[PDB]
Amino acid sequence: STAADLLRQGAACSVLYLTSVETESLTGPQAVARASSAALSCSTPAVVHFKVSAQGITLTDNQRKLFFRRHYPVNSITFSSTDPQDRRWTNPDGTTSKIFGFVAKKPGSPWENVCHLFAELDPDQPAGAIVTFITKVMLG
């Protein structure tokens, strides 16, 4: 586990997975805003493991032997930001969490642009930092 290899492995943490919505012909900020509107208008979100690395974004969740996984390669990711209206997610305890999303091509419907929306769980792995890391691996 050398420095450069570790650093390529990137950072992973837990986040709430709020929703995913198709977002064609919208700017990046419009896409994230659209997703947040949908999430905030709907009638409990899953906690997922969220990894950002040189290889892109990987989302996973397991309950016993049931398993969810999606990977978004770096060339597929077109945008990420916190909610441009500064809207927050209200947790079951009534406290609020910052919202962020990214837009990527849908792996099995590649013509489709889809915004994946999340809320922060840890102030020490905050939404703004995750957005910074995604934008860095896009920049690379």
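Just count from 1 along the sequence shown to find any residue number.
- Gap between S43 and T44: 1 to 3 deposited residues without coordinates.
- In this entry, 5-13 shows the higher mean Cα temperature factor of the pair 5-13 and 113-121.
- Here the stretch with the larger average CA B-factor, out of 59-67 and 98-106, is 59-67.
- The PDB entry assigns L26 a C-alpha temperature factor belonging to the highest third of its chain's modelled residues.
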